2 protein chains.
Amino acid sequence: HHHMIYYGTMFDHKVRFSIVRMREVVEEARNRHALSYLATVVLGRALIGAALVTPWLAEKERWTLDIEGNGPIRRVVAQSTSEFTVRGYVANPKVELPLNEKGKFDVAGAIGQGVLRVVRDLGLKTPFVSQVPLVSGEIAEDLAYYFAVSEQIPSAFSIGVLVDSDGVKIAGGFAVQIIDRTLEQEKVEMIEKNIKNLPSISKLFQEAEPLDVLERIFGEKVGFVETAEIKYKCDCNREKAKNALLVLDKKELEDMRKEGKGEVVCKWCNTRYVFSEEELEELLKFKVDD
Amino acid sequence: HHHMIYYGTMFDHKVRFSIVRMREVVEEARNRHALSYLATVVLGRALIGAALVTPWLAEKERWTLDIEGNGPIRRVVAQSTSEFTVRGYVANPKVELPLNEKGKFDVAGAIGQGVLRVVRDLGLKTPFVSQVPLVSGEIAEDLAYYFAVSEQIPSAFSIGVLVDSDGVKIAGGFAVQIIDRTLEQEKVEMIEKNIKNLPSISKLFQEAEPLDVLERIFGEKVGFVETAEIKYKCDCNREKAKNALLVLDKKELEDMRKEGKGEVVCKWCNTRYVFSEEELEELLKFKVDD
Ligand SMILES: [Cl-]
Ligand SMILES: [Cl-]
Ligand SMILES: [Zn+2]
Ligand SMILES: [Zn+2]
């Protein structure tokens, strides 16, 4: 299953864990947005990030990771939900760069100097937003820093996307978080050591099943694990596109009407919504009557 | 002393407290900005808020409260520093509204529906920022909720500003915060009860010295207490104003040059900086020379 998260807790519930295989989801993002190889990795990592926190979201929460910087990708946005769905986008889907010195996709260079935001939308009038400076721009470590500093949850994220000309081959990772800091220091140290010892996801996920990866982290096999299916999903529809156009100035709608057509593209899933001259005339007529 | 903070901890350092009398500081904000009565109270409360957290800032921190809403004041910004200074401003210094039903200044109405932000500028590349929805728009409680939710520091703030035609008469308040949540529930309960029982600041500060107010909160007299002087202070100067003009488009500087003069007004302290035609020529000469 290449769209599956596994999750649970260890050590009398003082540690929580998440591990995901989601090449299918990242492949869908790549195709919907026609992402370059580099943009696939950057956004993929962000999507994995969002996915990994899904088990821990409140009811009907939307959780958004919003990384913004001065590198040529400019912005990376990944949203997950309590329903185990994700969606996301980058400002520059066609970004290309030389590989880094170690021959990997230059995620850090794509993002450049900037910041990481987490938006928690939990059904109050406006969402909680927390912003921190980037640590490295590799996404994993940036997100672990957010958790340590804003949420006071010591964290390790490990995340990897492997993509070639036939598409995304691996897109997965894990998250280990200390939710109760009275956890014995030797359990802390051992977890730390075991993770630091693991190969990067691209290599680890070709060699080990998710549950065996976890056994390696915790020094013993895990106990109870829950699973869920991660899906790429957006809530856009045509009604919403039409409303998007109704908020525009009369002049914009006139200009489309003389152009012969109006188009709305959903930024999250790249779905295009095309409106005819008549449909625009209808919306304009509505603008005057309202 | 009407620009003074007192601070310490109680119960084996599990609770920290802050209490401030600062009419002089709030009076100066009112004169610099030519604040209306209502804008005096709104900004004053925010300045008190910022002042109350000064003892607990990191070294060289600037801590900024930024409340933004749809009421007629629009925005309220108060910054404090590790050097026990403050500065602040509102978007609409002349705002007026009817008194609320209880005959008080309508702080909540002035702010309206909106959000509270805290910016922690601690010498990293960009600051920590945390945003929460407003709870009531009275400021004290909104700030207490920021602390409970973003910093996980259960908190009580009580804040009051009394102003008439001779100016600010009282501008003070206190903060009590649980920095170690293992604190016995009966101390928690007693503190809560004692604070809830207090009169509002406008009344209490006419009747009780700061240390006696704290005795009332904690059920016994406090122990070791530190003091500091709170001062209104800004870091603007003319060199900075000249730089502010250098960042403007050539065209803006040309228009001022034909206008005969250029003005920069510091938003924090309402100091105005006036530049002659020759000085604008100088900067322009420097625009095409850079
Ligand atoms: Cl995978
Ligand atoms: Cl006072
Ligand atoms: Zn969509
Ligand atoms: Zn100034």
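All ligand and atom numbering here is 1-based and tracks the order in the structure. Chain A is the first sequence line, chain B the second, and so forth, proteins listed ahead of strands; every chain is numbered from 1. All values below were derived from every heavy atom in this structure, side-chain atoms included, with hydrogens, water molecules and symmetry-related copies excluded.
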Does the ring centre of A/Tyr6 sit less than 6.0 Å away from the ring centre of A/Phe17?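 Not under 6.0 Å, so no.
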Among residues at least two apart in sequence or on other chains, which ones pass ring pair (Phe, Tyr, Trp, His ring centres under 6.0 Å) with A/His1?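 Once residues adjacent in sequence are excluded, the partners of A/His1 under the ring pair (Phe, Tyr, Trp, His ring centres under 6.0 Å) criterion are A/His3.
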[X] atom [atom1]: more than 12 heavy-atom contacts under 6.0 Å:
X	atom1	result
A/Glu96	CD	no
A/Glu59	CD	no
A/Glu209	CD	no

Name the orientation class of the two ring planes belonging to A/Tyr7 and A/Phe84 (parallel below 30°, tilted from 30 to 60°, perpendicular beyond 60°).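 Aromatic pair A/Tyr7/A/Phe84 classed parallel.
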Take the Zn ion (ligand 4) as the centre and count protein N, O or S atoms at distances under 2.8 Å.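 Near the Zn ion (ligand 4), the number of protein N, O or S atoms below 2.8 Å is 4.
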